[PDB]
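What the coordinates show
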Amino acid sequence: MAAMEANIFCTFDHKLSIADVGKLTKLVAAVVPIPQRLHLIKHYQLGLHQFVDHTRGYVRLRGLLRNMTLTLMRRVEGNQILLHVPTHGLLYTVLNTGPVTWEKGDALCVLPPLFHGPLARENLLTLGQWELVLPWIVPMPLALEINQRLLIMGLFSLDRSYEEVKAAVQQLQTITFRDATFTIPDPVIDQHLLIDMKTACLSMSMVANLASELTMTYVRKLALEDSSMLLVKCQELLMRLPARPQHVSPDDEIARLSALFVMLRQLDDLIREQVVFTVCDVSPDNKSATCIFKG
Amino acid sequence: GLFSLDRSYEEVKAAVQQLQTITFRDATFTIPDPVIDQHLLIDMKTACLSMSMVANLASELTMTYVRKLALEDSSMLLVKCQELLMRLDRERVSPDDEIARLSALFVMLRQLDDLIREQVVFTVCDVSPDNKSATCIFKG
Amino acid sequence: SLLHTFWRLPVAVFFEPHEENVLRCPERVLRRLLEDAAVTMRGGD
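Read on for an overview of the structure. (Residues numbered from 1 in each chain as written, not as in the entry; some residues may be left out. Chains lettered and ligands numbered in written order. Part of a larger assembly, values for the part shown. Heavy atoms only, no water.)

This paragraph deals with the interface of chain C and chain B. At the interface, six residues of chain C touch eight residues of chain B. Taken together, both faces of the contact between chain C and chain B bury some 710 Å²; the carbon and sulfur share is 75%. Our count for the contact surface shared by chain C and chain B stands at zero residue pairs in polar contact. Residues that form the side of chain C that touches chain B fall into these classes: five nonpolar, no polar and one charged. (Contact = heavy atoms within 4.5 Å. Buried area = accessible area lost by both parts, 1.4 Å probe. Polar contact = N/O pair within 3.5 Å; in protein donor to acceptor, adjacent residues only side chain to side chain. Nonpolar A, V, L, I, M, F, W, Y, C, P; charged D, E, K, R; others polar.)

Spelled out as structure tokens, the structure:
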């Protein structure tokens, strides 16, 4: 009976002005999320504003956005917008919503928006206490650093006092990426992040236990007679306190290191987002790019 | 790459030779030794050091955070994790240094992500006795 | 007198008491139990 729609029309019901449809035309080829797929939907379900709540926990918004479906905007006209769902592997054009600069050859991820500078750009169809808050498309290193800093801040919140936590939070709230800088809005610690903390600490202790003698002793052995800036930094990070190896067993060692490999993969997946886009050559004005949709 | 440091002893030479050979369906080729002139190529050094460091950091970092979380887990396996770490202990600071150490752990893990995941490029459809040639479906 | 436990660290209890068995021991209650049992045992050529 049911059919899965691919072309989605969104109809407004607020008596829009000319400036509203003008700003809609500027948004052509952007990406917008939808919670459910139908041929004709109301504007209230479109955009991220429907989910915001007074707690404003960033982890909650990230988790909610992960479940959502992504669509592209095409052929904007009067109070009727056409949204086209992407098909895996096809070649699409997109106009970036946020201010983050792109580069060719890398990957992109979907994240909820960030506090940047004066917070000037919220002109997106503010109408009737509703607004079109779009998600951000950012390159892989910035997204990975954001997830890393949220998780690290959450871990640091434990075993520390209130003011130490405040100082650490105020430091971690900032990020620098490709000559730009951004600030994370409302990174409050919450039970959603506590689940991530529990699974991450379990995986980390597992990688600690699975590590063999040779793997642990490698760094300390290499510090004996090698020297480089990378090595001195790595040694400075670690605590401070030849011989034939105690045990040699390539079969048991390879099994152990394979298990440790799986555990490291599991630990890494905590911060890796879904790789939505792989990019091609970009317009030199940085506004729009050609990309392939994956995942 | 790990055994590169201990190569002088004959045990390591024999183990490296045994690891070097690989066997598969009617295939018995040998892969190249990742060391030259008893030295490591720099990218291999970075990858090996990153793995060994991310192994080393977790051994002395997890205990405090694990023992703090032990009070609350209703899934109750985190307490067994704490006990396992304490058994490992039996087998053998200013907040800024702590935050730097956490950042180092995660950046070192990300450095190893270059080798952790595999691109599943192709899946195969039936092959000719000319087996050099085969058909397959492309996957991202 | 104290018993020897296999696990070095104990664990938190959960679930209602009809799918796994746990004993609970208020010390005052146990003292009353001991006294009552000792008295009633004697109560009951």
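Mapped onto the fold, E145 of chain A is located in helix α3 (residues 140-157). A residue is classified by how much of its surface remains accessible, and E145 of chain A, at 15% relative accessible area, is buried. Setting aside chain neighbours within four positions, we find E145 of chain A in contact with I175 of chain A together with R110 of chain B. (Helix = DSSP H or I, 4+ residues; strand = E, 2+ residues; numbered from the N terminus. Buried < 20%, exposed > 50% of the residue type's maximum accessible area, 1.4 Å probe, protein only.)

Glancing now at the arrangement of the chains. The interface with the highest contact count, out of two pairs of chains in contact, is the one between chains A and B. Between chain A and chain C there is no contact; the minimum C-alpha to C-alpha separation amounts to 16 Å.

Remark on secondary structure: sheet strands pair via backbone hydrogen bonds, oriented parallel or antiparallel. Residue and element names in this part refer to chain A. Taken in spatial order, the five strands line up as β6-β12-β11-β7-β8 in an open sheet, and their pairing is antiparallel. In this open sheet, the two strands that pair with only one neighbour each are β6 (91-95) and β8 (136-139). Across the sheet, the mean angle from the axis of one strand to that of its neighbour is 45°, orientation sign disregarded. Sheet analysis places β6 next to strand β12 (residues 288-293), joined by five bridges and oriented antiparallel. Within the sheet, the bridge partner assigned to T93 lies in β12 and is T290. Sheet strands in contact with α3 are β7 (107-111) and β8, and its direction is about 100° off that of β8. (Pairing = 2+ DSSP bridges. Axes fitted to C-alpha atoms, helices over the stretch in contact; angles between N-to-C directions.)

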